[PDB]
Amino acid sequence: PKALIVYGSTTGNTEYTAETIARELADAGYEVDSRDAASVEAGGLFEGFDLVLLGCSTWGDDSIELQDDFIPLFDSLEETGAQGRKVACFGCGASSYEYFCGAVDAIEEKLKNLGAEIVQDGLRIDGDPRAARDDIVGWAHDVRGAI
Ligand SMILES: Cc1cc2nc3c(=O)[nH]c(=O)nc-3n(C[C@H](O)[C@H](O)[C@H](O)COP(=O)(O)O)c2cc1C
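Each residue of the sequence shown is one higher than the last, beginning at 2 in the entry's author numbering.
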């Protein structure tokens, strides 16, 4: 299968997460395209992908704010070709915040609204993602099993 991974990461945690996931899928034989949301154009971005994994860190305090680089893609998510697309979301956050990984929640709801096929529940990482490598690898393993 061909998987596209697009991540928004301010301090590199969601980015580490996306590389962990990319490696897990590549090891299994998938063709993987892992791109920073900052370098992507939304227009037909998901076309030709069997699977699309969207990663985004959560910002804000009393409001969910999406990682800055992910914002333009989320704002134009309806142009990506998500309808019928197998997708899944992951992201880094902090459980002490009101909306822990609320960015995963917002993106998943938009994907749902665009007719995307959410193959697995979102991966929500609390704190340093390197300390949750087992969960990341496990979630990537489950997503492959799920498509
Ligand atoms: C000012 C500020 C606001 C934050 N807001 C949230 C939040 O609302 N929910 C959450 O789960 N984490 C929140 N975080 C935690 C970050 O999402 C977390 O540090 C994450 O690991 C950063 O991932 P990144 O390096 O891929 O951008 C916040 C962090 C800061 C510093």
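No residue lacks a Cβ here, since even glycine has one placed at the ideal position from N, Cα and C.
Check: residue 65 C-beta below 7 Å from any heavy atom of ligand 1:
Correct: residue 65 has its Cβ closer than 7 Å to ligand 1.
Continuous alpha helix (DSSP H) stretch holding residue 53: start and end:
Per DSSP, residue 53 belongs to no alpha helix (DSSP H); it is in the beta strand (DSSP E), 52–57.
Nearest-angstrom Cβ-Cβ length linking residue 133 and residue 54, presumed shorter than 8 Å
Contact between residue 133 and residue 54 is absent: CB atoms are separated by about 16 Å, not below the 8 Å threshold.
Using a threshold of 8 Å, state whether the C-beta atoms of residue 65 and residue 103 are closer than that.
With a cutoff of 8 Å on beta-carbon distance, residue 65 and residue 103 are scored as near each other.
Please indicate yes or no: does the CB of residue 23 lie closer than 7 Å to some heavy atom of ligand 1?
Distances taken from the Cβ of residue 23 to the heavy atoms of ligand 1 include none shorter than 7 Å.
I need the straight-line Cα distance from residue 1 to residue 146, nearest angstrom please.
The chain is shown from 2 up to 148; residue 1 falls before or after that span and cannot be answered.
For the segment 78–125, which segments carrying the beta strand (DSSP E) assignment without a break, of at least 3 residues, lie completely within its bounds, in sequence order?
87–94
Measure the C-alpha to C-alpha separation of residue 49 and residue 143 and round it to an integer number of angstroms.
22 Å
Given 7 Å as the limit, tell me if residue 123 has its C-beta closer than that to any heavy atom belonging to ligand 1.
no
Residue from 60, 31, 139, 42 with nearest C-alpha to residue 79:
42
Say the cut is 7 Å; is the CB of residue 60 nearer than that to a heavy atom of ligand 1?
yes
To the nearest angstrom, how far is it from the Cα of residue 56 to the Cα of residue 86?
16 Å
Does the beta-carbon of residue 99 have 16 or more other beta-carbons within 10 angstroms, so that it is buried, or is it exposed?
Exposed.
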